[PDB]
Each structure stands twice: as C-alpha cells, then as structure tokens.
Amino acid sequence: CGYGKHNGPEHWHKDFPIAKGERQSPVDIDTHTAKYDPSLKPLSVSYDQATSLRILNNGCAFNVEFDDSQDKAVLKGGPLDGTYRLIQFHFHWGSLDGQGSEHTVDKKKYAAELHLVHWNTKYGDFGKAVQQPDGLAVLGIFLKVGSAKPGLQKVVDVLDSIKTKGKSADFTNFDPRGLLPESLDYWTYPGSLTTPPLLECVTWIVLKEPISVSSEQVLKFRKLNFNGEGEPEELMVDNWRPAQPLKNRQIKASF
Ligand SMILES: [Zn+2]
C-alpha cells in the first residue's frame with residue numbers, strides 16, 4: 001500500500017495490473033445517476049454477538065480484528081445473497097479535514113471512511129472468498145468532523161500503543177454497533193479491494209448518512225506511523241485511493 005510521493009496509488013498498476021480493471025474501487029457516487037432499486041431486500045446488520053480480538057497497525061491502516069470462526073457478527077440482506085461474516089474493520093483518512101475518504105459523493109470528499117469487511121461463508125475462509133466475484137461485502141461509512149463519536153473513543157485511546165507498523169494490542173469487548181449512523185440507507189455497486197492486491201471480489205454497500213467524529217479524535221489517527229519502530233517517522237495520513245472509473249457499472253440506491 002504505498003501512499004507516498006513515489007509509490008502511491010498511481011504506481012500500483014505496475015505490480016497489480018488489475019488496478020486498471022473493469023470493476024475497481026472506490027468510485028464517485030453521483031447521487032443523481034444512482035437509481036432506486038425496489039428489488040433490494042432490507043439490510044441486516046447483526047453485530048450483537050461480535051467478538052473483537054485485537055488491533056493491529058499493518059503499515060497501511062489499523063485493523064480491528066474479530067473472531068470469524070463462527071457466525072457471530074454478520075451482514076445479510078440488501079444486495080447480498082447468503083451470509084457474510086465480519087473479519088475486521090479499518091479506516092482511511094486524510095492529512096486535512098477536507099480529504100480522506102475513498103468513495104466520494106457528488107465529488108465530495110469526507111475526512112475519513114470506515115470499512116467493515118465481511119466474507120461470504122459459502123467459500124469457507126477469507127482467502128478463498130477473495131478469489132470470488134461475490135466473496136466479500138464491505139460496509140462503508142463516511143466520517144465528517146464535528147461532534148465526538150463516543151463509540152469511537154476506545155479505538156482512539158489504544159492508538160498510542162500501536163503507533164508503528166507491526167504493533168498490535170489486545171482489543172476485546174469492542175462493540176462495532178457504536179460506529180453506525182442512525183440510518184442504514186445505502187448505495188451499492190460491484191467493486192474491488194481498495195488496496196493491493198485490488199481483487200475484484202467486493203459488493204460495496206456505502207451508507208448515505210455519515211457519522212460525526214471530533215477534530216481531536218481524527219488528530220489522533222494522524223499521529224500513527226506508516227514506518228516501523230526505530231525508523232524515521234512517516235505519519236500515517238492520506239492512506240486513501242482516489243476514485244476510479246465506473247466503467248460498465250450501475251450504482252443502486254436503497255432509498
Ligand atoms: Zn478500506
């Protein structure tokens with residue numbers, strides 16, 4: 001995941017030619033071209049039994065990891081067929097409050113974007129699922145800066161213990177329901193992972209309503225480091241891929 005001046009997103013296609021593929025993410029969501037789809041079934045976010053395990057700085061972002069060895073936290077419904085298990089969430093964010101999201105809405109960039117990553121249980125494990133066109137479902141939630149998000153603060157306050165690449169910390173009993181907005185109204189389209197290997201295995205479900213976080217919460221994201229301990233400091237900021245061509249896809253609205 002290079003995001004620097006010399007290995008950023010514009011360079012990824014040399015190692016990962018699918019970077020110029022037909023169903024790459026993120027995309028700009030043009031709210032006046034998306035169409036309401038009455039065939040969509042209700043979206044079901046079932047996180048009551050979620051079991052968080054750990055938080056890891058992987059040099060790209062930080063991942064909050066879940067126990068996915070049973071259907072404890074699943075996403076169903078919407079555009080999805082079957083059951084998708086929560087494996088981790090992470091964020092992308094900017095150096096400045098006016099940038100950081102991956103998806104855009106009518107070209108608007110948000111300060112950050114939350115990705116709750118789920119895999120289709122029919123494929124047995126995550127690594128098999130990413131090889132399938134319907135392998136993953138990613139729930140995307142925009143972050144704007146305004147009032148503090150109480151449900152995010154436990155995350156913010158462990159970041160000091162995972163400052164550098166390769167550090168992890170115990171992160172049990174975190175409830176990801178605290179990161180959801182009130183409304184589950186969404187846009188959906190077929191896409192890809194937004195970091196290498198950029199595999200075209202994702203059904204994207206992007207919520208229309210952003211959550212608000214405070215300036216102080218996002219400033220703590222920006223104190224993380226892309227580098228490992230003992231290396232020259234490179235602040236973990238602007239870890240987002242810009243919008244990719246929509247090509248032969250239709251974005252559908254649930255509302
Ligand atoms: Zn992501």
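We're numbering straight along the sequence, starting at 1.
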Task: Side chain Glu102, main chain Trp240, donor-acceptor under 3.5 Å - done: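 Not at all, since once roles are kept as given, no pair shorter than 3.5 Å links the two residues.
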
Task: N/O donor-acceptor pair under 3.5 Å between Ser52 side chain and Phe171 backbone - done: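 Checking the backbone N and O of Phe171 against the side chain of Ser52, a donor-acceptor pair under 3.5 Å is found.
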
Task: Cationic tip of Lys14 above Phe16 ring, under 6.0 Å, 45° of axis - done: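 Output no; distance or angle outside limits.
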
Does the gap between the ring centers of [X] and [Y] come in under 6.0 Å?
{"X": "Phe142", "Y": "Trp187", "result": "no"}
{"X": "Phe66", "Y": "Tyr47", "result": "no"}
{"X": "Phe221", "Y": "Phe91", "result": "yes"}

Open item on the list: Taking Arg177 first and then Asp175, would you say they form a salt bridge - that is, a charged N and a carboxylate O separated by under 4.0 Å?
Closed with: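 Yes, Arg177 and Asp175 are salt-bridged.
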
Task: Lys/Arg N to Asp/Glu carboxylate O, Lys163 vs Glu233, below 4.0 Å - done: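 Yes, charged N to carboxylate O under 4.0 Å.
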
- [ ] Walk me through it: do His103 and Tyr189 pass the test ring pair (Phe, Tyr, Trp, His ring centres under 6.0 Å)?
- [x] CA-CA 12 Å; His103 294 91; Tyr189 76 98; 5.6 Å; yes

Task: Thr194 vs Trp204 side-chain heavy atoms within contact, under 4.5 Å - done: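 Answer yes - side chains close enough.
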
- [ ] State, with a plain yes or no, whether a side-chain heavy atom of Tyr3 is found less than 4.5 Å away from one of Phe226.
- [x]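 Result yes, sub-4.5 Å side-chain heavy-atom pair found.
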
TODO: Could you tell me which non-hydrogen atom of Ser161 sits nearest to which non-hydrogen atom of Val158, and how far apart they are?
DONE: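 Closest approach of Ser161 to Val158, heavy atoms only: OG-O, 2.7 Å.
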
